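# Residue-level structural notes
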Amino acid sequence: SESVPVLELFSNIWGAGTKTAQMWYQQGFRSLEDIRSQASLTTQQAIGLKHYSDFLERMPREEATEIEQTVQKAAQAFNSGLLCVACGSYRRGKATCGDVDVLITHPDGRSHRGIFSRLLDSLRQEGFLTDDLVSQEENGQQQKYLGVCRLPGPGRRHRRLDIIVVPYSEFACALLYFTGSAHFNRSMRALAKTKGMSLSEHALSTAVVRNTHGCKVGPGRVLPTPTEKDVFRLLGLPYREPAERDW
DNA sequence: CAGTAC
DNA sequence: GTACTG
């Protein structure tokens, strides 16, 4: 086909962006089969190619819910203290979802530790997790898993699933980051910068030092933020509900 | 870099 | 914007 369309097609493989799609184009590849048979794939790109059709579909809210529940049940078995919340589009209340992002913490502030591997291992035994894409354990106290699940029974599609485990200390900022939206997060972070602060999935910080070109050269003090509302407050912002964050 | 997460 | 691994 024409160049713009083939680039779009390749681009829709998880793990491949413009640069990879152009490289594959120059190799002479024009179809997904070409890629599957001749291209050098990353483990992740291989999985994205396998689930290429499925990953293109959004899912109904119901399925997202069902998926969060599947995760919730497994985690709770370890500790019923655990709190699991589905974020992303779901929290924002959208009708359909592209993926499910499940945030996890313990009000305890302690018991959340050591759940991450077990939870994953448990979900693997169950047949629920089908492929693994990325694991992040260099997140300080947050662990992120990016993967692929599939609900039991016939006619079910492979869905993209993220699972994050954070300390209660940072629940608010994590919650805030994971429900987004992306354009929304960009806006609060931009704003904070203006006020001499910084925002991340870990903390809001004040007294952030910056130089003449604007570059962060000093971390601030971390401001305790037990709820999302505390974050909006300290930034001098009317609070907004997740559905109001769908920018 | 590239691709990804929101 | 912030920040992770491939």
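Residues numbered from 1 in each chain as written, not as in the entry; some residues may be left out. Chains lettered and ligands numbered in written order. Heavy atoms only, no water.

Method of determination, as given in the entry header: X-ray crystallography; reported resolution: 2.798 Å.

### Some words on the domain arrangement of chain A
Stated formally: Note: domain ranges come from an automatic or database domain assignment.
Domain annotation for chain A reports domain 1 (1-57), domain 2 (58-180) and domain 3 (181-247). Using only C-alpha atoms to locate each centre, domain 1 and domain 3 end up separated by 37 Å.

### Brief notes about the UniProt feature "binding site: dCTP" in chain A
Put simply, the rule reads: UniProt positions are given in the numbering used here, feature names are shortened, and annotations may be inferred rather than shown by experiment. The contact criterion used is simple: two residues touch if any of their non-hydrogen atoms lie within 4.5 Å. Starting at the N terminus, helices and strands are each numbered in turn, a helix being any DSSP run of H or I of at least four residues and a strand any DSSP run of E of at least two.
UniProt feature "binding site: dCTP": in the numbering of this structure it lies at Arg-58, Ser-89, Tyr-90, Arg-91, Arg-92, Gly-98, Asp-99, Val-100, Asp-101 and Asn-185. Sequence-distant contacts of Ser-89, defined by excluding residues within four places in its chain, comprise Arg-58, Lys-94, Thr-96, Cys-97 and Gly-98. Mapped onto the fold, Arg-91 is located in helix 7 (residues 88-92). Beyond its immediate chain neighbours, meaning those up to four positions away, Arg-91 contacts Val-85, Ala-86, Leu-175, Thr-179, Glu-228, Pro-242 and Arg-245.

### Thoughts on the sheet that holds strand 4 (residues 99-105)
This is how it is decided: For two strands to be treated as a pair, DSSP must find no fewer than two bridges joining them. Comment: axis = line fitted to C-alpha atoms, over the contacting stretch for helices; angle = value between 0 and 180 degrees taken between N-to-C directions.
Taken together, the five strands give an open sheet; going across it, the order is 2-4-7-6-5, and neighbouring strands pair in mixed fashion. Whereas interior strands pair on both sides, the edge strands pair on one side only; in this sheet they are strand 2 (83-86) and strand 5 (129-139). The sheet shows a mean angle of 20 degrees between the axes of neighbouring strands, taken without regard to direction. Across seven bridges, strand 6 (residues 142-149) lies against strand 7 (residues 159-165) in antiparallel orientation. Paired with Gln-143 across the two strands is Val-165, which belongs to strand 7. Where helix 4 (residues 43-50) meets the sheet, it contacts strand 5 and strand 6, and its direction lies at approximately 145 degrees from that of strand 5. Packed on one face of the sheet, helix 9 (residues 171-179) meets strand 2, strand 4, strand 6 and strand 7 and runs near 175 degrees to strand 4.

### Details of the sheet that holds strand 8 (residues 198-199)
Spatial strand order, 8-9-12: three strands in an open sheet with antiparallel pairing. Where the open sheet ends on each side, the last strands, each with one partner, are strand 8 and strand 12 (221-223). Examined bridge by bridge, strand 8 and strand 9 (residues 204-206) share two bridges and lie antiparallel to one another. What sits directly across from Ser-198, in strand 9, is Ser-205.

### Examining the nonpolar core
In globular proteins that are soluble, nonpolar side chains generally tend to be buried together. Short version of the rule: What we call a nonpolar core is a set of buried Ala, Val, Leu, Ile, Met, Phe, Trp, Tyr and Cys residues that are connected through their side-chain atoms within 4.5 Å. Relative accessibility thresholds used throughout: buried, under 20% of the residue-type maximum; exposed, over 50%; partly exposed, between the two (1.4 Å probe, protein chains only).
Ranked by size, the top nonpolar core spans 27 residues in total, and within it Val-71, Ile-104, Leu-119, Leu-161 and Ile-163 carry the most contacts. Where this core is concerned, the elements lending two or more residues are helix 6 (61-78), strand 2, strand 4, helix 8 (116-125), strand 6 and strand 7. Broken down by element, this core gets its largest block of residues, five residues, from helix 6. Other than its neighbours up to four places away in sequence, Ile-163 contacts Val-71, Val-102, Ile-104, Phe-116, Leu-119, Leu-120, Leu-123, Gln-143, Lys-144 and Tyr-145. Core analysis: the next-biggest nonpolar cluster, separate from the first, contains 12 residues, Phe-184, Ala-192, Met-197 and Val-231 among them.

### Overview of the protein's contact with DNA strand B
Rules: Proximity is defined per residue: if any heavy atom of the residue lies within 4 Å of a molecule or strand, that residue is considered near it. Whenever two N or O atoms come within 3.5 Å, that pair is a polar contact, provided that in protein one can donate a hydrogen and the other can accept it, and provided that, for residues adjacent in sequence, both atoms are side-chain atoms. Polar here means any residue other than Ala, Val, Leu, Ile, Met, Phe, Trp, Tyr, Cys and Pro, which are nonpolar, and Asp, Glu, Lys and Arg, which are charged; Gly is therefore polar.
Residues in close proximity to DNA strand B total 21 residues, the closest being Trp-14, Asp-99, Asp-101, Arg-160 and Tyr-177. By atom count, sugar and phosphate contribute 81% of the portion of DNA strand B lying within 4 Å of the protein. Contact between DNA strand B and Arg-160: a phosphate oxygen at 2.6 Å from a side-chain N or O atom of the residue. Of all the secondary structure elements, the ones that give two or more residues to the surface near DNA strand B are helix 2 (18-26), strand 4, strand 7, helix 9 and helix 10 (182-194). Its residues placed into classes, the surface near DNA strand B shows seven nonpolar, eight polar and six charged.

### Regarding the environment of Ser-40
Among the structural elements, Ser-40 can be located in the loop between helix 3 (32-38) and helix 4. Spatially, the C-alpha atom of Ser-40 lies 9.4 Å from that of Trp-24, the residues being 16 residues apart in sequence.

### Digging into the pairing of strand 4
Where burial is concerned, most of strand 4 is hidden: six out of the seven residues are buried. Relative to strand 4, strand 2 runs antiparallel, the two sharing four bridges. Across the sheet, residue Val-85 finds its bridge partner in strand 4, namely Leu-103. Bridge analysis of strand 4 against strand 7 gives six bridges, and the strand direction is parallel. Pairing of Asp-101 across the sheet is with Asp-162, part of strand 7.

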